[PDB]
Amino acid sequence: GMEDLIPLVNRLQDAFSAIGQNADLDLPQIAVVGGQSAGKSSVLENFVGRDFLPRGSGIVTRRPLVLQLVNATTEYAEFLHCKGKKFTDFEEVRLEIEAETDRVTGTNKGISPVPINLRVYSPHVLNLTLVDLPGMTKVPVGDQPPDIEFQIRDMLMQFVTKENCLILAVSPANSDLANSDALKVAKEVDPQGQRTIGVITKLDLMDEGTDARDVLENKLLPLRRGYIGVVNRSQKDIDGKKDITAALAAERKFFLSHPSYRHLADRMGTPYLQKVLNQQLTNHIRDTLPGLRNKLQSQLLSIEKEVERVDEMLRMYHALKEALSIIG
């Protein structure tokens, strides 16, 4: 399709996020899922080229982050809920995400599906939007609630059960892929593997004598859209403030050097992943936008005649109208 398609859906995402909605609308979008520590934040920060996501122990993000990367001549960030303000200090971007997590979930330490919408304008990005969802976990730690696993999983299921949700299933290579939370979720909701894109992180950490060639050649657990491997900064690199440019150069050198991957190298790494996701997401929106408009229309007229809480219903009514107006 067209280069207008990702920005179109950004505006849809803003319209529905303004009333605290996203998952129920079945928007064509990429949801990023993984186990905690799979490397999701790292992928997103690689795309942006700056650190901007909360780090530290436990479940630091507890809402969806609708991350909208917009190629632009200038570089800055805007939050939908902070109208007017342009962030150029990505450390303040991170503090604002932390503040939004605390404001909605800080008492319960639970999970909320209410999205945070963050747009990052930059000359260094392709148009690409991803809905980052909290990483899955198994054992509550510290002050986490006893059902934290299910709070997280139930919330991400609200997104990925939707047929227009592409799933960016992030799994670390230094684990048996058969243990992947991301790919388990994806196979539950997408059993034929038609709307799941595999990202394999941490290839630099695999055990000697092993490699992920079978996974990356799409042979171990085939997905129609395949798998892309990436090599992000280690924790030591993060703490040493290694720059992303140097990380990307190390990742390219890794794929060109590794005997098990060098024949795949041009379909590996973070720049390729960004390009592939921009292309598949654009094509995905093209294929699904007409169906979305019908879904939204039907939802709208359902609301109108039921109108014949209702406060939430009227908010949805105006958001749906706004969305249909954006689709035009």
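For every residue, the number given is its place in the sequence shown, counted from 1.
Engineer: In the PDB record, does 37 to 45 or 282 to 290 carry the higher mean Cα temperature factor?
Structural biologist: 282 to 290 has the higher mean C-alpha B-factor.
Engineer: Please compare 311 to 319 with 12 to 20 and name the stretch with the higher mean C-alpha B-factor in the deposited structure.
Structural biologist: Higher of the two, by average CA B-factor, is 311 to 319.
Engineer: When you compare the CA B-factors of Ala250, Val199, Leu166, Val120 as listed in the entry, which one comes out on top?
Structural biologist: Answer, based on the entry's C-alpha B-factors: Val120.
Engineer: With respect to the C-alpha temperature factors reported in the PDB entry, which of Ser257, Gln151, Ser234, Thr73 ranks highest?
Structural biologist: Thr73 has the highest C-alpha B-factor of those listed.
Engineer: Considering every modelled residue of the chain and its Cα B-factor in the PDB entry, is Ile59 in the lowest, middle or highest third?
Structural biologist: Within its chain, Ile59 is a highest-third residue by C-alpha B-factor, going by the deposited values.
Engineer: Please rank the C-alpha B-factors of the chain's modelled residues and tell me whether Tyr227 sits in the lowest, middle or highest third.
Structural biologist: As the PDB entry reports it, the C-alpha B-factor of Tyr227 lands in the lowest third of its chain.
Engineer: If you rank the chain by CA B-factor, which third does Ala178 end up in: lowest, middle or highest?
Structural biologist: As the PDB entry reports it, the C-alpha B-factor of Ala178 lands in the middle third of its chain.
Engineer: Would you mind checking where the Cα B-factor of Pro115 ranks among the modelled residues of its chain, as the lowest, middle or highest third?
Structural biologist: CA B-factor rank for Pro115: lowest third.
Engineer: So where's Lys275 on the chain's Cα temperature factor ranking, which third?
Structural biologist: Middle third of the chain for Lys275's C-alpha B-factor.
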